[PDB]
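Enquirer: The structure follows.
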Amino acid sequence: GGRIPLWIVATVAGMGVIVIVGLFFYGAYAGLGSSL
Amino acid sequence: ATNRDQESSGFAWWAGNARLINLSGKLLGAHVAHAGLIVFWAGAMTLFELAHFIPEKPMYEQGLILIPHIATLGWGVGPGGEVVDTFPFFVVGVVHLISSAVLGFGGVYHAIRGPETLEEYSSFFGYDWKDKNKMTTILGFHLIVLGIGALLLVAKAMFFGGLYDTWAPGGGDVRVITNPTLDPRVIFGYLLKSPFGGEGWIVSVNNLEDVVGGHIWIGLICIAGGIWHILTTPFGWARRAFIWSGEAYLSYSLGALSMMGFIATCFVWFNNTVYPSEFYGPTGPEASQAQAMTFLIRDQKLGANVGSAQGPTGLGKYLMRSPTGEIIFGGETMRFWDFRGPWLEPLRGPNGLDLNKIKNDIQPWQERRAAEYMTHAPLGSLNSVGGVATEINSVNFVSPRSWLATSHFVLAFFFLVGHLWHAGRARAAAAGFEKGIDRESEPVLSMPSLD
Amino acid sequence: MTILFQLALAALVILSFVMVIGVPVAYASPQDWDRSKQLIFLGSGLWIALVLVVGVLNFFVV
Amino acid sequence: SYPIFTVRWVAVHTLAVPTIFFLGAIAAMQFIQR
Amino acid sequence: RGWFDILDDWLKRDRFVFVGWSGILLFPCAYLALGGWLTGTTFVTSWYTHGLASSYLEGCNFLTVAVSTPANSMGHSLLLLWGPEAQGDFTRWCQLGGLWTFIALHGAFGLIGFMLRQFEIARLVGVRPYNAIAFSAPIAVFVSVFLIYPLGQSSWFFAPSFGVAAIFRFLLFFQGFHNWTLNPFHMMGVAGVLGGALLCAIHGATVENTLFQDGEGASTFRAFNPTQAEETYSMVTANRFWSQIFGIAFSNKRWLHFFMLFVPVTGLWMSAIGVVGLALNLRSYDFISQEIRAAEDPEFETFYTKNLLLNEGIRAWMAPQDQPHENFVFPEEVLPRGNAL
Amino acid sequence: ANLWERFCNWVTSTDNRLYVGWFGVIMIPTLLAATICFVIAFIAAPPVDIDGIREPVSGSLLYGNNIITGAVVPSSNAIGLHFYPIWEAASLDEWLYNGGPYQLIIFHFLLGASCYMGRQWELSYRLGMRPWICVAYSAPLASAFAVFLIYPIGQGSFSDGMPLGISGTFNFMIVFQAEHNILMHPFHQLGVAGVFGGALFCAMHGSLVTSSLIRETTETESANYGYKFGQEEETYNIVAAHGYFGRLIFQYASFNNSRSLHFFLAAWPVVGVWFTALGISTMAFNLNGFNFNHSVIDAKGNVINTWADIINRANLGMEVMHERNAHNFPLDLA
Amino acid sequence: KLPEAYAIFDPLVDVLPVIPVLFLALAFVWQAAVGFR
Amino acid sequence: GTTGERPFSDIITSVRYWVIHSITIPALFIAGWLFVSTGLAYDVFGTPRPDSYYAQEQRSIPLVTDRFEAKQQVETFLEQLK
Amino acid sequence: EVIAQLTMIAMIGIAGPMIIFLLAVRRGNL
Ligand code: CLA
Ligand code: CLA
Ligand code: CLA
Ligand SMILES: CC1=C(/C=C/C(C)=C/C=C/C(C)=C/C=C/C=C(C)/C=C/C=C(C)/C=C/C2=C(C)CCCC2(C)C)C(C)(C)CCC1
Ligand SMILES: CC1=C(/C=C/C(C)=C/C=C/C(C)=C/C=C/C=C(C)/C=C/C=C(C)/C=C/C2=C(C)CCCC2(C)C)C(C)(C)CCC1
Ligand SMILES: CC1=C(/C=C/C(C)=C/C=C/C(C)=C/C=C/C=C(C)/C=C/C=C(C)/C=C/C2=C(C)CCCC2(C)C)C(C)(C)CCC1
Ligand SMILES: CC1=C(/C=C/C(C)=C/C=C/C(C)=C/C=C/C=C(C)/C=C/C=C(C)/C=C/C2=C(C)CCCC2(C)C)C(C)(C)CCC1
Ligand code: OEY
Ligand SMILES: [Cl-]
Ligand SMILES: [Cl-]
Ligand SMILES: [Fe+2]
């Protein structure tokens with residue numbers, strides 16, 4: 001219990017949400033719903 | 001624990017930069033490194049714009065803010081604002097970006113390795129916030145460096161190639177300025193103009209002669225204040241009027257910056273001289289005037305007599321009088337009759353727009369510009385659909401003028417808030433009650449009741 | 001020298017990229033103030049040198 | 001010495017696992033062309 | 001110990017998430033309102049009920065997704081999955097709008113469960129239940145807007161759809177058809193919500209800027225012990241400040257915090273009343289005296305007549321697409337329009 | 001001492017029933033002028049040609065308005081942003097016709113209110129208080145600057161500033177949505193979270209403190225008499241309110257530091273209203289709400305409408321009717 | 001476009017302007033490291 | 001105090017945690033992906049694909065107009081698409 | 001192409017967390 005430093009999981013998790021969110025903003029311009 | 005934690009420094013992590021108030025060398029690293037990010041951004045962004053630049057498209061159709069600043073200084077551009085050589089942009093971009101690395105190096109050095117405080121290493125670079133002599137001396141050096149920079153602009157305009165001049169004949173051109181304006185009646189007349197419609201304070205400066213001249217004055221003014229403060233110390237009246245603390249000086253500059261950001265916001269919105277519409281797109285007034293012109297032109301070609309056309313309200317459909325009687329475009333654009341631009345001024349007579357010049361002298365280049373500008377009005381949506389809010393998707397456009405004015409309103413506003421925060425706090429901290437009220441001597445408890 | 005220009009320019013990037021991670025680790029490790037003084041000083045001149053070299057090459061391919 | 005399965009445990013999984021599954025669903029949608 | 005009492009013990013155990021008896025109503029209904037919203041905004045259309053896309057699947061974004069109301073032809077059907085419309089067919093349920101009633105009705109019972117939860121926890125901990133009382137205001141809003149209003153109208157079609165832009169649509173419908181801004185019951189609700197925000201901000205700022213110095217650090221948050229006996233800020237200096245800034249001030253801490261409950265709770269209640277009125281088209285739409293004058297005097301104009309002209313524009317330009325089941329056909333020439341635009 | 005010092009000491013006296021202060025020296029005259037003009041114009045002012053088309057709008061009670069329809073009408077579009085003091089008119093009659101009272105009221109009022117904010121700082125200094133109440137007030141003040149100054153600047157006319165009336169406010173909001181799709185702007189959505197959340201947290205804090213009042217009274221007297229002004233001690237049990245609220249949600253979704261809790265109550269509405277004031281201020285420069293009109297289309301290319309398209313049909317109804325005689329050309333560019 | 005020489009550097013040039021925001025995020029990774037002391 | 005359970009800071013720094021959740025999380029994600037990529041979501045929920053909003057030549061909308069005939073109304077519109 | 005960009009930002013962005021990582025191992029002076 002506590003073998004992985006909390007700051008590491010945080011950064012990892014964070015970069016993970018940034019990716020998914022970034023992907024959704026990409027989708028606003030590509031394909032369905034891009035007006036194109 | 002060299003400061004650096006909430007126990008020794010008294011400031012929590014979320015206000016940890018307040019830990020640097022009395023650590024001049026670490027504070028010097030923070031600033032230099034921060035300057036690094038600024039210069040970095042000027043470099044990285046300009047190259048981004050270059051890689052994305054297509055010289056056939058108007059600059060303002062391509063999301064560009066920095067390249068238009070370079071073009072206005074006379075690099076890379078020719079008549080009509082046509083881009084004729086992109087290499088100067090590349091140079092600005094690379095030189096700032098290289099430079100950021102040395103700022104970068106210098107800031108991270110001073111912030112980590114260097115001496116946390118300077119005042120024991122050299123009595124010249126170290127400082128106490130409360131040394132009124134040392135504080136004015138730093139002010140004076142920086143004053144001189146600003147005066148120099150103002151004069152760099154004069155050098156460019158007069159000795160190193162000139163400036164883009166939207167009012168230059170033949171639709172604009174780069175141009176050397178040889179008769180800067182020095183009459184102080186003009187230069188300082190601008191400062192006494194009302195900021196209200198038709199006057200516009202210093203935002204109304206509409207020729208490069210006034211611009212270059214004002215920068216001569218300001219350069220020489222700063223250099224002279226620099227010397228002043230380097231040699232003097234604050235007088236009795238000024239000592240008693242200000243708070244002398246690092247936070248107080250911070251609040252004073254947040255003040256200044258906020259006021260400047262608001263002025264910037266109106267400059268880019270109304271001024272089409274140092275923000276040429278060739279590069280930035282039309283002003284809001286300009287586009288609105290341009291539409292009236294377009295439909296005057298069209299209807300006149302069909303055979304309409306545009307001077308006698310009574311619109312539905314009883315006011316002229318194309319032409320009416322301003323409240324001081326000038327002939328001006330009709331319809332809603334009646335609010336924008338103060339607009340002045342190179343495409344429109346040739347139709348102007350002494351009493352305003354001139355119907356004979358309207359009937360006879362409109363060239364195709366004016367019909368083109370007016371049509372271009374009306375269809376690049378600075379209206380668009382946050383996701384860059386161009387046009388009014390009811391427009392369908394298709395046009396991917398938001399005016400550089402909207403981007404720059406909105407960003408700097410927001411920035412100027414929050415910087416006034418910062419001013420109030422840090423000025424109030426500085427006052428509180430100088431009097432010793434920023435941390436709260438003393439239960440043992442609560443001031444109100446010693447005051448008579450209001451009733 | 002269309003290929004000797006990229007050799008220098010990747011040198012800048014690969015070196016920049018090194019010294020970006022390397023200078024701040026160096027600075028805040030207590031161990032080797034002296035095992036690394038030389039290091040950063042050499043990359044430094046190497047970096048500057050490279051900027052110049054890439055700066056003059058440009059003018060034969062730009 | 002703690003339990004591992006608890007009411008709390010059930011609470012977080014009733015949310016988290018549909019949430020992840022929905023996120024992959026939505027991810028895939030970004031690549032649908034018309 | 002009876003089995004009821006053993007079940008009671010376990011349901012009222014001190015755990016990370018208190019359950020309770022009310023939990024048996026709250027957790028299932030809340031989970032399913034939520035889950036049905038997420039499910040429908042992610043995957044379900046509004047094509048057969050509205051002529052609209054409404055899910056991520058179809059390419060909507062978080063602003064334009066909705067679980068949309070059922071078609072007008074369904075009346076006020078409960079739209080039970082096993083009912084006569086969908087006949088147990090889940091896919092057809094979704095297509096006809098079942099998720100809307102599903103969310104609406106589970107949400108209703110979940111709000112019930114939450115309030116009982118507020119009652120249940122207050123009783124066990126031993127405090128007065130003023131929080132539960134406060135929660136009556138959200139409940140009145142929800143019932144009035146989502147249930148009562150459509151029950152007075154022709155069907156569930158005209159209730160709010162569960163989506164960001166769908167609600168914006170509802171705001172503008174209410175302007176163009178009900179002239180809701182003119183309604184004194186909304187006006188009062190506005191006063192209560194903006195007044196509550198005002199109270200929120202001014203009480204927070206007043207406390208934060210009258211603190212006593214109770215530690216020696218610059219971060220003042222660490223100088224407070226929840227078990228201390230003393231007020232952490234000065235009522236006396238707060239009082240003087242506002243007496244001389246604004247003329248009057250609070251002097252009674254209990255009155256001040258009761259006033260904070262009252263103002264917003266009372267505002268939402270008044271808004272609920274007006275929507276009940278609008279369930280019946282009992283609008284405050286017009287001022288008869290202005291209309292008599294205006295009809296007679298073509299030079300009489302006020303902001304009230306200007307606004308009606310806008311209402312008239314909203315109704316005609318938006319109804320054909322907004323109420324597709326009516327097959328409104330408006331030739332260009334009947335559309336009201338000012339000059340040029 | 002000498003006369004100027006007696007005066008300075010009076011101005012800054014913490015013993016005046018109402019604090020004057022140096023900011024008060026500007027605030028008092030400017031608010032008085034704004035208030036007297038507004039009250040007289042609201043009752044008696046004759047119709048004002050707001051849009052510059054010789055189509056005067058009656059805003060005052062004596063010319064056929066009631067409390068809800070009446071207004072002080074914005075100055076003429078013919079004026080745009082020109083300064084129109086009384087002395088610039090050829091007669092009061094001309095000044096009333098073109099909407100001069102509006103300029104006078106809002107300039108004196110923005111000045112007065114800007115100084116009201118400074119006054120809040122000033123008194124907190126004389127009292128030994130911390131200084132940032134005035135920061136909280138900057139949110140409402142910023143909002144007033146937006147509808148009365150910034151939006152007219154961007155659009156080029158005070159005729160598009162907010163009218164000083166109940167119905168006039170509605171007019172301004174409907175036209176705004178039409179021209180900027182403010183509902184679809186995140187700064188306005190942040191404003192709604194601000195004020196909704198402020199109302200919520202307002203009811204919560206009040207409910208939660210009221211829930212945990214210490215029995216200090218009988219059933220026949222008001223609970224309020226259990227608190228005495230200036231009492232050393234607290235009259236509610238914050239630990240019990242945490243015990244209730246921590247269980248209502250979970251233990252760490254609840255505040256147990258009175259200072260952290262009150263800072264949160266301050267920051268939530270202030271920040272949100274900062275954003276919605278900045279929203280009006282940036283839509284002033286036509287950076288408008290998200291535009292998703294015809295954003296979904298099918299394999300062939302038919303437009304598949306969304307709720308955003310339905311909003312757009314309402315917006316279009318506002319667009320084509322507003323100021324119905326004021327446009328001669330097809331685009332309404334400001 | 002950049003000078004064709006620097007074309008291979010186009011996608012790096014694409015990402016560079018976002019770099020100053022990483023600095024703000026790096027400060028939070030740092031305080032997480034030192035546990036917001 | 002503590003209501004008894006295992007502190008979160010403790011679980012998510014635990015290795016056993018990430019052993020378990022290095023698998024379950026990505027797996028759930030892929031399950032959702034497949035739900036859309038297989039085209040399954042369309043048929044479960046009755047959501048039109050980009051090619052099934054209209055018949056090739058129609059411009060009117062398959063709006064349901066009857067309360068009890070409604071299931072039949074939708075099914076007959078789905079015939080005319082082919 | 002876009003992987004060119006994503007490999008650059010991938011590399012640039014992890015550059016930061018790493019400096020923290022190294023200085024932690026080295027019982028550096030964070
Ligand atoms: C960054 C620029 C800067 C800054 C921060 C300062 C800061 C300071 N100056 Mg220096 N100064 C500067 C530039 C600057 N100066 C330059 C360029 C010059 C040469 C022009 C001078 C010349 C100068 C002199 C001659 C003196 C100072 C003094 C001072 C101190 C008092 C300032 C004061 O009272 O403010 C202003 C505060 C006031 C209360 C003045 C009130 C007057 C009104 C309200 C302000 C507007 C006056 C302005 C001149 C006209 C307005 C134009 C309008 C149309 C917009 C302070 C340390 C004083 C000092 O102690 O010197 C040692 C002093 O006597 N400065
Ligand atoms: C412009 C942004 C900026 C800048 C320049 C600074 C700068 C500084 N901060 Mg502040 N800070 C900021 C944002 C910023 N901060 C924000 C947003 C927060 C909130 C999360 C804080 C919170 C904060 C706290 C809590 C504290 C500081 C402290 C400090 C100082 C000591 C740094 C230290 O000990 O780090 C040590 C850390 C390391 C050695 C880790 C590595 C850091 C290096 C610099 C990475 C550089 C990367 C870069 C790519 C290098 C390569 C380029 C090169 C080739 C040129 C320093 C002057 C400290 C202080 O006051 O000291 C007494 C302190 O205690 N700051
Ligand atoms: C605001 C800028 C600034 C200031 C005031 C200082 C001040 C100081 N630094 Mg730092 N430093 C800076 C920036 C700054 N530094 C930058 C950018 C770097 C990276 C290049 C460094 C790297 C650095 C190191 C590595 C060391 C110092 C040291 C010192 C101390 C002695 C330096 C000295 O006298 O040099 C002598 C000065 C000269 C020989 C005069 C020439 C200076 C330059 C070449 C003039 C050019 C000015 C230029 C035209 C201005 C325009 C800039 C831009 C707009 C283009 C002193 C406390 C030393 C220290 O603290 O002791 C341990 C030390 O070891 N500095
Ligand atoms: C202190 C500190 C901090 C901060 C930091 C900073 C702010 C820094 C800065 C930094 C910097 C400021 C740096 C810089 C860098 C730079 C670089 C590294 C550059 C390089 C360049 C190059 C290499 C180039 C190249 C090229 C060319 C030449 C051409 C085109 C292409 C290209 C672009 C590629 C933090 C907050 C984190 C934390 C605490 C402490
Ligand atoms: C460049 C140019 C130009 C020119 C410019 C100029 C020449 C400038 C000037 C400037 C100036 C010359 C400015 C001024 C400033 C001022 C100020 C801004 C002031 C302030 C003040 C204050 C801040 C005060 C306060 C106070 C008091 C009152 C009392 C006690 C306390 C105290 C101290 C706080 C022109 C336009 C032509 C053109 C374009 C370009
Ligand atoms: C120019 C150039 C260069 C340079 C670059 C640089 C200068 C870089 C930097 C970089 C950086 C500067 C980085 C940074 C990074 C960052 C990060 C990635 C962060 C993130 C974060 C996160 C994700 C967060 C999370 C969290 C925490 C930790 C705590 C609390 C919570 C939260 C969630 C907030 C090179 C060499 C390439 C060469 C070419 C050109
Ligand atoms: C309906 C129904 C049902 C149920 C269902 C359910 C129960 C569901 C669930 C569901 C769920 C439960 C889901 C969830 C999902 C979630 C999501 C979808 C999330 C996402 C999110 C996000 C995306 C966010 C992010 C972010 C942002 C955006 C910003 C800030 C930051 C953050 C990171 C937070 C049943 C069976 C009875 C059958 C019938 C019908
Ligand atoms: O929105 Mn429509 O746009 Ca701003 O101007 Mn052109 O019309 Mn008129 O005067 Mn008031 O209002
Ligand atoms: Cl109108
Ligand atoms: Cl017009
Ligand atoms: Fe309180």
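Every chain in the structure tokens has a letter given in the order shown (A, B, ...), and although residue numbers restart at 1 in each chain, ligands are simply numbered from 1 in the order shown.
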Dump as a ChimeraX atom specification the residues of chain A that approach chain F to within 10 Å, counting only C-alpha atoms.
Expert: /A:28,31-36
Enquirer: Pull the closest atom pair for each residue of chain E that gets at most 8 Å from ligand 9, along with the distance in Å to one decimal, counting only C-alpha atoms and all ligand atoms, ordering rows by chain and then ascending residue number, as CSV.
Expert:
```
residue,atom,partner,partner_atom_place_in_ligand_line,distance
E:303,CA,ligand 9,1 (Cl),8.0
E:306,CA,ligand 9,1 (Cl),5.3
E:307,CA,ligand 9,1 (Cl),6.6
E:309,CA,ligand 9,1 (Cl),7.7
E:310,CA,ligand 9,1 (Cl),6.9
```
Enquirer: Can I get the residues close to ligand 7 as a ChimeraX atom specification, where close means within 7 Å and we count only C-alpha atoms and all ligand atoms?
Expert: /A:17,21 /D:14-15,18-19,22-23 /E:31-32,34-36,38-39,99
Enquirer: Using only C-alpha atoms, what does the table of chain E residues within 7 Å of chain A look like, with each row giving the shortest atom pair and its distance in Å to one decimal, sorted by chain and ascending number, as CSV?
Expert:
```
residue,atom,partner,partner_atom,distance
E:58,CA,A:32,CA,6.9
E:59,CA,A:33,CA,4.5
E:60,CA,A:33,CA,6.2
```
Enquirer: Counting only C-alpha atoms and all ligand atoms, which protein, DNA or RNA residues come within 6 Å of ligand 2, given as a PyMOL selection string?
Expert: (chain B and resi 2-5+13-14+16-17+19-20+26-27+29-30+33-34+101+104-105+108+111) or (chain C and resi 19-21+23-24+28) or (chain G and resi 24+27-28) or (chain I and resi 20+29-30)
Enquirer: Can I get the selected residues back with N, CA and C atoms, as a compact mmCIF listing (two decimals), in the first residue's frame?
Expert:
```
# COMPACT_ATOMS: atom_id res chain seq x y z
N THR B 2 15.15 26.32 2.43
CA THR B 2 15.50 27.71 2.13
C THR B 2 14.27 28.50 1.69
N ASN B 3 13.60 29.15 2.65
CA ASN B 3 12.19 29.53 2.51
C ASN B 3 11.48 28.26 2.03
N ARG B 4 10.69 28.30 0.96
CA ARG B 4 10.37 27.11 0.16
C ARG B 4 9.38 26.15 0.82
N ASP B 5 8.83 26.47 1.99
CA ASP B 5 7.73 25.69 2.57
C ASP B 5 6.87 26.65 3.38
N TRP B 13 1.52 26.83 -0.70
CA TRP B 13 2.02 26.44 -2.01
C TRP B 13 1.38 27.28 -3.10
N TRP B 14 0.06 27.50 -3.00
CA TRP B 14 -0.69 28.23 -4.02
C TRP B 14 -0.39 29.74 -4.02
N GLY B 16 3.09 30.46 -3.48
CA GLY B 16 4.51 30.20 -3.25
C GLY B 16 5.46 31.22 -3.87
N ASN B 17 5.04 31.89 -4.95
CA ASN B 17 5.88 32.93 -5.51
C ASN B 17 6.02 34.12 -4.58
N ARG B 19 6.96 33.65 -1.72
CA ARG B 19 8.15 33.25 -0.99
C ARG B 19 9.41 33.94 -1.51
N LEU B 20 9.36 34.48 -2.74
CA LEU B 20 10.51 35.10 -3.38
C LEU B 20 10.63 36.60 -3.12
N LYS B 26 16.88 34.61 -6.67
CA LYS B 26 15.87 33.68 -7.17
C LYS B 26 14.77 34.43 -7.91
N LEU B 27 14.36 35.59 -7.37
CA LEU B 27 13.41 36.48 -8.04
C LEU B 27 13.93 36.94 -9.40
N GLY B 29 15.88 35.20 -11.33
CA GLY B 29 15.72 34.04 -12.21
C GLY B 29 14.30 33.88 -12.73
N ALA B 30 13.32 34.02 -11.84
CA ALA B 30 11.91 33.98 -12.25
C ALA B 30 11.61 34.96 -13.36
N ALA B 33 13.65 34.04 -16.75
CA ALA B 33 13.03 32.87 -17.34
C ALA B 33 11.66 33.20 -17.91
N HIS B 34 10.88 33.99 -17.19
CA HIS B 34 9.60 34.41 -17.73
C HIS B 34 9.77 35.20 -19.02
N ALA B 101 16.27 30.83 -25.64
CA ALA B 101 17.15 29.84 -25.03
C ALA B 101 18.19 30.47 -24.12
N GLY B 104 16.20 31.81 -21.19
CA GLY B 104 16.00 30.51 -20.55
C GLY B 104 17.18 30.07 -19.72
N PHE B 105 18.36 29.92 -20.35
CA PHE B 105 19.54 29.51 -19.59
C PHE B 105 19.78 30.46 -18.42
N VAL B 108 16.95 30.04 -15.47
CA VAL B 108 17.06 28.81 -14.72
C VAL B 108 18.38 28.75 -13.94
N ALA B 111 17.74 30.97 -10.89
CA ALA B 111 16.65 30.54 -10.00
C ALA B 111 17.05 29.37 -9.11
N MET C 19 20.32 19.22 -23.66
CA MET C 19 20.61 20.20 -22.63
C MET C 19 19.36 20.74 -21.96
N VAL C 20 18.18 20.48 -22.52
CA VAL C 20 16.95 20.95 -21.91
C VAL C 20 16.64 20.12 -20.66
N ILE C 21 16.78 18.80 -20.76
CA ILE C 21 16.66 17.93 -19.59
C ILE C 21 17.91 18.00 -18.73
N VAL C 23 20.60 20.43 -18.19
CA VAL C 23 21.01 21.57 -17.38
C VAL C 23 20.26 21.65 -16.05
N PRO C 24 18.92 21.46 -15.98
CA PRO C 24 18.23 21.58 -14.67
C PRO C 24 18.47 20.41 -13.72
N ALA C 28 20.43 21.02 -9.81
CA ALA C 28 19.82 20.72 -8.52
C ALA C 28 20.25 19.38 -7.95
N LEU G 24 3.61 25.84 -17.28
CA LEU G 24 2.66 25.99 -16.19
C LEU G 24 2.29 24.63 -15.62
N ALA G 27 5.05 23.07 -13.44
CA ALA G 27 5.13 23.53 -12.06
C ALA G 27 4.21 22.73 -11.13
N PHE G 28 3.09 22.22 -11.64
CA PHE G 28 2.19 21.46 -10.78
C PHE G 28 2.68 20.03 -10.60
N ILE I 20 11.76 16.15 -13.31
CA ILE I 20 11.31 15.91 -11.95
C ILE I 20 11.70 14.51 -11.50
N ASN I 29 17.47 18.41 -5.45
CA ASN I 29 16.99 19.51 -4.62
C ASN I 29 15.70 20.07 -5.21
N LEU I 30 14.64 19.26 -5.15
CA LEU I 30 13.32 19.72 -5.56
C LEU I 30 12.76 20.69 -4.53
```
Enquirer: Given a cut-off of 12 Å, which residues of chain I touch chain C, counting only C-alpha atoms, written out as a PyMOL selection string?
Expert: chain I and resi 8+11-30
Enquirer: May I have the residues from that selection written out with N, CA, C and O atoms, as a compact mmCIF listing (two decimals), in the first residue's frame?
Expert:
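Final output, part.txt:
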```txt
# COMPACT_ATOMS: atom_id res chain seq x y z
N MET I 8 6.56 14.24 -31.91
CA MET I 8 7.25 15.41 -31.35
C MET I 8 6.66 15.82 -30.01
O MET I 8 7.37 15.92 -29.01
N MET I 11 7.24 13.45 -27.25
CA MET I 11 8.60 13.53 -26.71
C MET I 11 8.81 14.81 -25.93
O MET I 11 9.36 14.78 -24.82
N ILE I 12 8.38 15.94 -26.49
CA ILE I 12 8.56 17.22 -25.81
C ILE I 12 7.87 17.19 -24.46
O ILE I 12 8.46 17.54 -23.43
N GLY I 13 6.62 16.73 -24.43
CA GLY I 13 5.82 16.82 -23.22
C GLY I 13 6.32 15.92 -22.10
O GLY I 13 6.30 16.31 -20.93
N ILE I 14 6.77 14.71 -22.43
CA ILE I 14 7.34 13.86 -21.39
C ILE I 14 8.68 14.41 -20.91
O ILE I 14 9.15 14.02 -19.83
N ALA I 15 9.31 15.32 -21.66
CA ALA I 15 10.57 15.91 -21.23
C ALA I 15 10.47 16.51 -19.83
O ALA I 15 11.43 16.46 -19.05
N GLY I 16 9.32 17.09 -19.50
CA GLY I 16 9.15 17.81 -18.26
C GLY I 16 9.06 16.90 -17.07
O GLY I 16 9.85 16.98 -16.12
N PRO I 17 8.06 16.02 -17.07
CA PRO I 17 7.92 15.08 -15.94
C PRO I 17 9.21 14.33 -15.67
O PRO I 17 9.49 13.95 -14.52
N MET I 18 10.05 14.15 -16.69
CA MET I 18 11.29 13.41 -16.52
C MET I 18 12.27 14.17 -15.64
O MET I 18 12.89 13.59 -14.74
N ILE I 19 12.46 15.46 -15.91
CA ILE I 19 13.40 16.24 -15.10
C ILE I 19 13.06 16.09 -13.63
O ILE I 19 13.94 15.89 -12.79
N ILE I 20 11.76 16.15 -13.31
CA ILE I 20 11.31 15.91 -11.95
C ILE I 20 11.70 14.51 -11.50
O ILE I 20 12.21 14.30 -10.39
N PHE I 21 11.49 13.53 -12.38
CA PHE I 21 11.81 12.14 -12.06
C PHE I 21 13.29 11.95 -11.73
O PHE I 21 13.64 11.38 -10.69
N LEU I 22 14.17 12.42 -12.62
CA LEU I 22 15.61 12.32 -12.38
C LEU I 22 16.01 13.01 -11.08
O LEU I 22 16.70 12.42 -10.24
N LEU I 23 15.60 14.26 -10.89
CA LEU I 23 16.00 14.95 -9.67
C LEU I 23 15.44 14.28 -8.42
O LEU I 23 15.93 14.55 -7.32
N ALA I 24 14.45 13.40 -8.57
CA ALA I 24 13.90 12.70 -7.41
C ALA I 24 14.76 11.49 -7.03
O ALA I 24 15.21 11.35 -5.89
N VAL I 25 14.98 10.60 -7.99
CA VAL I 25 15.98 9.55 -7.88
C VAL I 25 17.24 10.08 -7.21
O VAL I 25 17.69 9.53 -6.20
N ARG I 26 17.82 11.16 -7.75
CA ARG I 26 19.13 11.62 -7.33
C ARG I 26 19.11 12.30 -5.97
O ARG I 26 20.07 13.00 -5.61
N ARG I 27 18.03 12.08 -5.21
CA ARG I 27 17.70 12.92 -4.06
C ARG I 27 18.15 14.33 -4.39
O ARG I 27 18.93 14.95 -3.65
N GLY I 28 17.71 14.81 -5.54
CA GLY I 28 18.00 16.15 -5.97
C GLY I 28 17.25 17.15 -5.12
O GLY I 28 16.50 16.81 -4.20
N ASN I 29 17.47 18.41 -5.45
CA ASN I 29 16.99 19.51 -4.62
C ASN I 29 15.70 20.07 -5.21
O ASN I 29 15.65 21.20 -5.70
N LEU I 30 14.64 19.26 -5.15
CA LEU I 30 13.32 19.72 -5.56
C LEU I 30 12.76 20.69 -4.53
O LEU I 30 11.90 21.53 -4.83
```
Enquirer: Using only C-alpha atoms, which residues of chain G come within 9 Å of chain I, and what is the closest atom pair for each, with the distance in Å to one decimal? Give it as a Markdown table, sorted by chain and residue number.
Expert:
```
| residue | atom | partner | partner_atom | distance |
| --- | --- | --- | --- | --- |
| G:10 | CA | I:5 | CA | 8.6 |
| G:11 | CA | I:5 | CA | 4.7 |
| G:12 | CA | I:8 | CA | 6.0 |
| G:13 | CA | I:5 | CA | 8.8 |
| G:14 | CA | I:5 | CA | 6.9 |
| G:15 | CA | I:9 | CA | 6.3 |
| G:16 | CA | I:9 | CA | 8.4 |
| G:19 | CA | I:13 | CA | 8.1 |
| G:22 | CA | I:13 | CA | 7.0 |
| G:23 | CA | I:16 | CA | 8.0 |
| G:25 | CA | I:16 | CA | 9.0 |
| G:26 | CA | I:16 | CA | 6.1 |
| G:29 | CA | I:17 | CA | 6.7 |
| G:30 | CA | I:20 | CA | 6.4 |
| G:31 | CA | I:30 | CA | 8.8 |
| G:33 | CA | I:20 | CA | 7.4 |
| G:34 | CA | I:30 | CA | 6.7 |
```
